[PDB]
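Let me begin by presenting the structure, written as structure tokens, before commenting on it.
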Amino acid sequence: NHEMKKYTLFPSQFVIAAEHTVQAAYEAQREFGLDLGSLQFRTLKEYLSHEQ
Amino acid sequence: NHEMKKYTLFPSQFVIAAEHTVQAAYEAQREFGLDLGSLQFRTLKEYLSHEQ
Amino acid sequence: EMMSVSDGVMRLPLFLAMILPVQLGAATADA
Numbered sequence: 311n312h313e314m315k316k317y318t319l320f321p322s323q324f325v326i327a328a329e330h331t332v333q334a335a336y337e338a339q340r341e342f343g344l345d346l347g348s349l350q351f352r353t354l355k356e357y358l359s360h361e362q
Numbered sequence: 311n312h313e314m315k316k317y318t319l320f321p322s323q324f325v326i327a328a329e330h331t332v333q334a335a336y337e338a339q340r341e342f343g344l345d346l347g348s349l350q351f352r353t354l355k356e357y358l359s360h361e362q
Numbered sequence: 125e126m127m128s129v130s131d132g133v134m135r136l137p138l139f140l141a142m143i144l145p146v147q148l149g150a151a152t153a154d155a
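Residue numbers (full-length UniProt numbering), protein chains in the order written: chain X, 311 to 362; chain W, 311 to 362; chain C, 125 to 155.
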């Protein structure tokens, strides 16, 4: 014969953010050719995995 | 805003059966020319719906 | 509590249908 059992699971959440101003973005674009949005986005995406 | 609720349903069962011997079947066939098997089958099938 | 009988196997719910809020209105424009 045979028999059966059961189990369960559920997830959890996380959140992160970033900030900057317009003048800073324009200045750092004019000098060094950088872009703030991409930099901050990449840093956030990487840090999330690191913390996990 | 909005809200929610929930309900549930489930079915039931039913059984029936019939019997006869070979000698009786052949006796009926010979003396009256009627078929016991079909008779019993039809009676069962029709009674089920009637009772339902 | 064995699989050989109907009670051995467990059950799983099914999402049959959902009821939505009914339409609202009236009719008083004639006055």
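For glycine and all other residues, C-beta sits at the position ideal for the given N, C-alpha and C.
Query                                                                                                                                    : Result
Do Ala328/W and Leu354/W have their beta-carbon atoms positioned less than 8 Å apart in this structure?                                  : yes
Using DSSP with H/G/I as helix, E/B as strand and the rest coil, what is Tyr357/W?                                                       : helix
Going by the beta-carbon positions, is the gap between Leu346/W and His360/W smaller than 8 Å?                                           : no
Give me the Cβ distance between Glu313/X and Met127/C, rounded to the nearest whole Å; I'm assuming they're in contact under 8 Å.        : 6 Å
Do you know offhand how far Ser322/W's Cα is from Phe342/W's?                                                                            : 40 Å
Quick one: Cα of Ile143/C to Cα of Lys316/X, how far?                                                                                    : 31 Å
Would you please verify whether the beta carbon of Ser128/C is less than 8 Å from any beta carbon of chain X?                            : yes
Let me make sure I understand the geometry here. Which of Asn311/W, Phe320/W, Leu349/W has the alpha-carbon closest to that of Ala335/W? : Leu349/W
Need the endpoints of the alpha helix (DSSP H) that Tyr336/X sits in, please.                                                            : 332-340
When the Cα atoms are used, what is the spatial distance from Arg340/X to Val332/X?                                                      : 12 Å
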